[PDB]
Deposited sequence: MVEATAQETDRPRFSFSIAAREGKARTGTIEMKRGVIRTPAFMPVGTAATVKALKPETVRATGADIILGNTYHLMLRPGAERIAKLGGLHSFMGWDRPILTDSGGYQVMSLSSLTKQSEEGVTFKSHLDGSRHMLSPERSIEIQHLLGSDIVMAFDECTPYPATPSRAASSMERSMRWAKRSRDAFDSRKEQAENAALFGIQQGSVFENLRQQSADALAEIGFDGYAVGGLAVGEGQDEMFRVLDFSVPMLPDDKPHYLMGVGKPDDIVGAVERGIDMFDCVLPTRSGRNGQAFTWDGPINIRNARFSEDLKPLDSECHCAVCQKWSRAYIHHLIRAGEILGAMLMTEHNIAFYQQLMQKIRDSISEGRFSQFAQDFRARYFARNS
């Protein structure tokens, strides 16, 4: 049987890595994109899907999901599932913060977050953190990061207390520190002292823009343990993914939101399929994409469906977008393994931004 958790790096190019995470429910090829499980009928394709902790804890509630057999049974997905810890979502969508946790309209603490994720049955559990708002002053970023590190220890202890969770799931710690190198270093040191199965870069994709995000990744990723997976939370567009892989990121969580609003991803950049220019375009959404939508239907027909208000149009767009992202990740993995990722990144950008 597969181990609870084992990350192996098969090949490297610069800071980029490709490899595998083995878990009891399956193997995850990295760099990996992790789609939302409810977006479409995701097929095994993705190696791991996201569960929506924040939504599930409100409807139907984590206790009810456990009564129904856990998220794997509920969603019909027998492979790994990753869940976020819920605080990012509470702070973005719902609040009163304290050292105990976050109260909102009802108290979410590290201990409760870990128990919710246990009741959902997820395989990769995120520590309960605070995503510091951007911009943040050095003092506020430090105080926030320090609280997150105390919460990371409480998350570790709560996870270790639940035998089924400790023996079958994995726990990731989340680095904070805003855009400040010294705080990112203190956060990395604190997380490594606690010890986690993987390490996330939190506190980005919060409005800072790509140049600043890449600058922060430049110094932040090397601070994390090299032999553990690196998960960049909340990122992102295809070009953000490529640049983050170039900086040592292994896992990523737009393709669903875009698919419901008329935006399709292609190797020549995004297109808004509702635009009249596509009304007579017989080409598939993307000229090279191998997905079932591009094998069968034209831009003109998908344009027609979406303009007519047919839900089928949005579903076909979403299926194409998820498949496009998975083809992107496969090309990334293959190019790193083959030692041609630098060339791939250059070729990708030249075509994606030529439009």
>> Relative to the deposited sequence, which regions have no modelled C-alpha positions in the structure?
In response: 1-9, 54-62, 113-114, 126-132, 281-282, 385-386
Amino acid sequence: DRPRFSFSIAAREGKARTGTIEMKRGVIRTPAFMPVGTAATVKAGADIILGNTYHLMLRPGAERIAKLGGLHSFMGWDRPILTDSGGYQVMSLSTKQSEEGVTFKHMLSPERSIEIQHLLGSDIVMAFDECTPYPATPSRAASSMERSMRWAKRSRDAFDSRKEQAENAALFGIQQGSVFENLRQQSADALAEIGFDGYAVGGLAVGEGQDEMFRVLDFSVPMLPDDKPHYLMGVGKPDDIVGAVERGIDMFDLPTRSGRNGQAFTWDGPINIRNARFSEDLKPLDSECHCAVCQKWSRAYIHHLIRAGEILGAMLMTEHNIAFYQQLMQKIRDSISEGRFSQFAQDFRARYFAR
From here on, numbers count along this sequence of modelled residues.
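Throughout, rigid core stands for the largest set of C-alpha atoms superposing within 1.5 Å between the two forms.
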> Which of 279-287 and 244-252 lies farther, on average, from the shown form in 6 other deposited structures of this protein once the rigid core is superposed (C-alpha RMS)?
Replying inline: 279-287
>> Is it the case that at least a third of the other compared entries omit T53, given both of its neighbours are modelled there?
In response: no
> Across the other PDB entries of this protein that were compared, is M107 absent from at least a third?
Replying inline: no
> Looking only at CA atoms, which has the higher mean B factor in the entry: 287-295 or 23-31?
Replying inline: 287-295
> Do the CA atoms of 340-348 or those of 12-20 have the higher mean B-factor in the entry?
Replying inline: 340-348
> From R247, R154, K105, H72, which pick has the Cα B-factor that tops the rest in the entry?
Replying inline: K105
> Can you tell me which of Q165, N261, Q176, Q186 has the highest Cα temperature factor in the record?
Replying inline: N261
>> Which third, lowest, middle or highest, does the C-alpha temperature factor of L305 belong to within its own chain?
In response: lowest
> In terms of the CA temperature factor given in the entry, to which third of its chain does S85 belong: lowest, middle or highest?
Replying inline: lowest
> For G195, does the deposited CA B-factor place it in the lowest, middle or highest third of the chain?
Replying inline: lowest
>> Ranking every modelled residue in this chain by its Cα temperature factor as given in the entry, which third contains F214?
In response: middle
>> Splitting the chain's C-alpha B-factors into thirds, which one does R274 fall into?
In response: middle
